[PDB]
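Report on the structure given below.
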Amino acid sequence: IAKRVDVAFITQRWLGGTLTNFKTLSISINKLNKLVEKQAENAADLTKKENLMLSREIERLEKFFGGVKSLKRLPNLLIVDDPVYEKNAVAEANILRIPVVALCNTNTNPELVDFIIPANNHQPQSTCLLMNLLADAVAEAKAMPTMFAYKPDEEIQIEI
Amino acid sequence: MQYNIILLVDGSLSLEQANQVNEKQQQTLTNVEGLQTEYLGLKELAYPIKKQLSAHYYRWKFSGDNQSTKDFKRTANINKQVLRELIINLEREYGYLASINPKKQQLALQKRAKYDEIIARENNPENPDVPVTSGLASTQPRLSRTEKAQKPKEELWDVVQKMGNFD
Amino acid sequence: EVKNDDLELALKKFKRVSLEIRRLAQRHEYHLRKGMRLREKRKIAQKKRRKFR
Amino acid sequence: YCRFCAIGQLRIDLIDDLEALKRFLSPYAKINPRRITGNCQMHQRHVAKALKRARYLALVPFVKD
Amino acid sequence: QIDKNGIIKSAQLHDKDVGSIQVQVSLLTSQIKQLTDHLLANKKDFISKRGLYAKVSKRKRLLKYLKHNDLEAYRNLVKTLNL
Amino acid sequence: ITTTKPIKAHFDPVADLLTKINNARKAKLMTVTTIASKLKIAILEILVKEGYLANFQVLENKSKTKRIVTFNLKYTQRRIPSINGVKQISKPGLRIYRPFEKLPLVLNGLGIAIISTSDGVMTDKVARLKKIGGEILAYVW
RNA sequence: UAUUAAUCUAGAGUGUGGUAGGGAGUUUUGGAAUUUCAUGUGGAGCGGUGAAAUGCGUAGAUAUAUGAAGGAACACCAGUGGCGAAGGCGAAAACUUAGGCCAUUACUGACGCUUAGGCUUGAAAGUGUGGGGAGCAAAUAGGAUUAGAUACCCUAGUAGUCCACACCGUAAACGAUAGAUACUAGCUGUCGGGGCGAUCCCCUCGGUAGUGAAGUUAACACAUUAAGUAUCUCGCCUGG
């Protein structure tokens, strides 16, 4: 979904502090730009240790700050697969004023989510269908094609 | 109450004299009637009570006066012919009136189905099946009706939400 | 065990028997409070339950 | 799995039930624990009382196996 | 035994009554007498003394309540002497 | 209409209704029931005509042998009860009776207190209009 | 609200049937073990400690085989067990008795809570009267230990530990939480009652535990058995 639609994404969950302030996000994006445009000219000149450190820093930035490189203002929306296992960001959003839309079956606190989606994520097919539906929902805004919104077919795929 | 009086003769002795002493000692009972004469044959004791490893056991079955036994108690203890005078009454934990007994079909089905007569059948003695079909100790219903109602309202949805078009 | 027909396994189980005898006599080689005795009994039961899940 | 739970008899007499009691007898002639017998709270103490009464009647040796 | 049935037959007030005042007080008196006999038999039955005191308290409070709310309520006392 | 699990009268009308109200607004419960009596009927009447309470019903099975009342609470889509606080002033151990000019007012007039003088319970403003004082029973707001 | 007059029964007990326990006391019975003694063999050690010693031994001990006497505690079952108001309650049985739980379709008519004063019970140590007194053992003696040890270690030995009668009324007599009254999200074990039924699971009322949201307390922590919610009564609290 992230490689399909030009929107930011999170690979590994937040460690806290990466969403409450913009200055850390600003130094992160500056580090990303400096790292990429400097490693564009440094791949085998010195010892393998520094080049491997550059690659490791790139991979770490992908792990944590991978998707946050196209924003100048704080994210106006975020979609969560479950309030459990992602409590930090949703708690910050309660502290903040940003609206929250999230998936939750029954293991949530409905107070922490302002747009409840009682869609169970235990079965992979339902999660895939809802994720594609939301991708198509955000697709129309940027004038890009939609695939599964009114299609008379259910996404069936054996668990990998 | 019931009276299961288990009586012991003096070790290994004859049968004729055993019946003689049994019927002689049964004369001490004051007025209680309804007993059955019984004998449990020649059994082997687990440990030597006095000197013998074998004796005759006797089981009594009757019901009557609660004060018609202490005399038998004081006569049995002193004499050497009678050794043990175990008494069971209806104080032993029990209960049945007309419907708690006929449930032996449970063990009948256990014995029948549990044993395997075919090499392709296995029915474990601890298995669940969810057999509760009808009968549920009904919830004690109690009906009523309103006579003076006022201000009817209906609310369907109550959870946190907010407006749209976040600008 | 009581009988003996194996090679040395009879003594191997007699080791368990002797351990049981020693642990039973553990309550009869020194005197303590009855309340403390029952508390120790409860603690031993808890230890057994931990050994037995 | 308890035999006194598979019947629901809730009552045991001294005679004609001694074989089960002796089956519940350890080779040390002691009352077996609740790990295997399956008796929960009532069958267990009834069996214990019956075995004690049998011991008083010299049906089960006390310690002399 | 107390033989409650004779106590029922003693002072009935209805065609079927086992919870009236008269039956309660008569059963209380019978139990009091039985427990007095048993306590003079053995003089260390403390729980029995506590039960005796509970029974006598119940009897006294019921008799006082009957005498307060009704006048002819204690007409079973002449035929069944108090205490 | 059916309610099993029989209820019991707590000790008295005012304390029972007030503790039920407090526990309901703590637990966000819609419907609360209690034993029927004239005083509780009057309290429910005044508290529902004062715009602090939802539907209220009084019911019986066949006689006064089992007669109860039940009531709901006014709410909002944002999960907030209309009432916010309550405190009983009259207690079974102490009842205070006050004249006209000693009539208390809650918040500063925002809250409503319940005063009964000779014609059932009523609001403070009406009692002051009729210049009859009497006894208060509880403050709600 | 205070009085009286009546009514009805959601309180209360009563009864009916089912019902569970180490509940309590009185009276009989058993075995296991210890000590001593008598008899059978026995010949230089025994016993005890971190090390040793005190102590015991040729009058032949410990080791054992059989038996007797005798009184103290009633392993195994025995456990997030149960019972009672509390202290407390666990060999077997006989007698009496206590209260509890469930359906009430039964009864009477609010007879209910608490309780100043009084009354009853109330570990263990001790006091008085008298027995019995196997072991266990404060004070007491000895031997080791220590600079010293009036202690921990060991061997000795009464009070006492047992019981019958009449006393003491102390405590960490603790859930350090007075009782009662209703009401307030859930979840997981155990047991008791009812129904269904091979067990098992199911539901309903309960005892009993653990986990855990609102809420509360300064915090710890508590959590339908509250230290929540409010009420009634009694007692208690005013720096050290």
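Using each residue's phi in the stretch D:17-23, evaluate 6.51 cos²θ - 1.76 cosθ + 1.60 at θ = phi - 60° and report the 3J(HN,Hα) Karplus result to the nearest Hz, with x for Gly and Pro.
10, 6, 5, 5, 4, 5, 5
Which residue fluctuates most in the GNM of chain B (Cα springs below 10 Å): B:105, B:67, B:150?
The residue that fluctuates most here is B:150.
What are the residues whose amide H is under 5 Å from the amide H of residue B:45, where those residues sit 5 or more places off or on another chain and H is modelled from the backbone?
For residue B:45, the qualifying residues are B:54, B:55.
5 Å is the cut-off here: which amide hydrogens, built 1.01 Å from N in the peptide plane, fall below it relative to residue F:135, excluding neighbours closer than 5 in sequence?
The answer is F:98, F:116.
Step through the residues of the stretch E:47-63 one at a time and calculate ³J(HN,Hα) from phi using the Karplus curve (6.51 cos²θ - 1.76 cosθ + 1.60, θ = phi - 60°), rounding each to whole Hz and writing x for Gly and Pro.
Per-residue couplings from phi come out as 5, 5, 5, 4, x, 4, 5, 4, 4, 5, 5, 4, 4, 5, 5, 5, 5 Hz.
What is the order of B:58, E:65, fewest Cβ neighbours within 10 Å to most? Walk me through the numbers before you get to the answer.
Details: B:58 21, E:65 12.
So the ranking, lowest neighbour count to highest, is E:65, B:58.
Only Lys, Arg, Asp and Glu count, each charged at its Cβ (+1, +1, -1, -1), so figure out the dipole size of chain B about its Cα centre, rounded to 20 debye. Mind dumping the intermediate values first?
Working: 24 positive and 21 negative charges, 81 e Å.
In total the dipole reaches around 400 debye.
Search the structure for amide H atoms under 5 Å from the amide H of residue A:102, placed 1.01 Å from N in the peptide plane, and list their residues when 5 or more places away or on another chain.
A:80, A:115, A:117
Between B:127, B:31, B:101, which gets the highest mean-square fluctuation from a Gaussian network model of chain B, Cα cutoff 10 Å?
B:127
How tilted is helix C:9-25 with respect to the longest principal axis of chain C? Cα atoms for both, answer in degrees (0 to 90, nearest 10).
For C:9-25 against chain C, the angle is about 20 degrees.
Using a cut-off of 13 Å between beta-carbons, work out the net charge of the residues near residue F:62 (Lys and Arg +1, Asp and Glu -1, residue F:62 not included).
On the way: positive: B:142, B:145, F:64, F:66, F:67; negative: B:147, F:60.
Computed value for this residue: +3.
For a quick check, take a GNM of chain F with Cα springs below 10 Å and name the residue from F:81, F:13, F:92 with the largest mean-square fluctuation.
F:92
Check every DSSP H run in chain A and write down those whose alpha carbon atoms cover 20 angstrom or more along the long axis and whose mean Kyte-Doolittle hydropathy is 0.0 or greater. Before the final figure, lay out each step's value.
Values: long enough: A:22-39 (25 Å, -0.25); A:48-63 (22 Å, -1.33); A:124-139 (22 Å, 0.97).
Span-like helices here: A:124-139.
Let me spell out the model: positive unit charges on the Cβ of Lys and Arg, negative unit charges on the Cβ of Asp and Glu, origin at the Cα centre of chain E. What dipole size does that give, in debye rounded to 20? Intermediate results must be reported in sequence, preceding the final value.
Working: 17 positive and 7 negative charges, 85 e Å.
The calculated dipole for chain E is roughly 400 debye.
Between B:143, B:77, B:157, whose Cα lies farthest towards the positive end of the dipole of chain B when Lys and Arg beta carbons carry +1 and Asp and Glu beta carbons carry -1, centred on the Cα centre?
Positive-end residue among those listed: B:77.
So which GluC sites (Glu not before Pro) in the stretch A:1-81 end up in coil per DSSP with only 11 or fewer other C-beta atoms within 10 Å? Working shown, then result.
On the way: sites: A:37, A:41, A:50, A:57, A:59, A:62; in loops: A:41.
When the GluC sites (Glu not before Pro) of the stretch A:1-81 are filtered for loop state and at most 11 Cβ neighbours within 10 Å, A:41 remain.
If one takes the longest principal axis of the Cα atoms in chain F, at what angle in degrees, from 0 to 90 and to the nearest 10, does the Cα axis of helix F:38-49 lie?
Relative to chain F, helix F:38-49 is tipped by roughly 80 degrees.
Convert 25 °C to kelvin, take the viscosity as 0.890 mPa s, use the Kirkwood radius over C-alpha pairs of the protein assembly as shown as Rh, and evaluate the Stokes-Einstein diffusion coefficient in µm²/s, rounded to a whole number.
Working: Rh = 37.7 Å.
Once the numbers are plugged in, D ends up at 65 µm²/s.
Diagonalise the Cα gyration tensor of chain F and give the resulting equivalent ellipsoid semi-axes, square root of 5 times each eigenvalue, largest first, whole Å.
So the three semi-axes of chain F are 26, 19, 13 Å.
With N set to the number of residues, divide the alpha-carbon radius of gyration of chain E by 2.2 N^0.38 Å and report two decimals.
Details: Rg = 13.7 Å, N = 83, 2.2 N^0.38 = 11.8 Å.
Output field value: 1.16.
Taking K and R as +1 and D and E as -1, what net charge do the other residues with C-beta under 13 Å from the C-beta of residue B:121 add up to?
Numbers: positive: B:112, B:114; negative: B:116, B:117, B:122.
Around residue B:121, the surrounding residues sum to -1.
Taking only Cα atoms, what is the 0 to 90° angle, nearest 10, from helix D:42-56's long axis to the longest principal axis of chain D?
On a 0 to 90 degree scale, this one is about 20.
Return E:55, B:153 ranked ascending by Cβ neighbour count within 10 Å, so the fewest neighbours appear first.
Ranked by crowding around the Cβ, least crowded first: B:153, E:55.
Just the isolated ones, please: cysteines in the protein assembly as shown lacking another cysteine beta carbon under 4.7 angstrom.
Lone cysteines by the Cβ rule: A:104, A:128, D:40.
Given Cβ point charges of +1 (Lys, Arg) and -1 (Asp, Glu) and nothing else, what value in debye, to the nearest 20, does the dipole of the stretch F:1-104 about its Cα centre take?
Values: 21 positive and 6 negative charges, 53 e Å.
With only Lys, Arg, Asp and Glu charged at Cβ, the dipole is about 260 debye.
How far is the Cα center of the stretch C:1-30 from the Cα center of the stretch A:124-160, in Å?
Result: 71 Å between the Cα centres.
Which three lengths, in whole Å and largest first, does chain A cover when its Cα atoms are put on their principal axes?
Here the Cα extents, ordered largest to smallest, are 56, 37, 32 Å.
Enter the mean number of other protein chain beta carbons within 10 Å of the beta carbon of each residue in D:5-14, as an integer. Don't skip to the answer; put the middle values down first.
Values: counts 2, 8, 8, 5, 7, 7, 7, 3, 5, 6.
What the average comes to for D:5-14 is 6.
Output ³J(HN,Hα) for the stretch E:8-18: one whole-Hz value per residue in order, computed from phi by the Karplus curve 6.51 cos²θ - 1.76 cosθ + 1.60 with θ = phi - 60°, and x for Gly and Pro.
Calculated HN-Hα couplings, in order: 4, 5, 5, 10, 5, 10, 9, 5, 8, 8, 10 Hz.
Report, in whole Å, the centroid distance computed from the Cα atoms of the stretch A:16-93 and the stretch B:63-137.
When both Cα centres are located, 75 Å separates them.
Net charge near residue F:4: determine it from the other residues with C-beta under 15 Å of the C-beta of residue F:4, scoring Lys and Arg +1 and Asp and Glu -1. It would help to have the intermediate numbers written out before the result.
On the way: positive: B:142, F:5, F:8, F:66; negative: none.
With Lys, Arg at +1 and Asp, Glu at -1, the net is +4.
We place every Cβ from the backbone using ideal geometry, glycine too, and count neighbours over all the protein chains shown. Bear in mind that the values in this text are calculations on the coordinates, not laboratory data.
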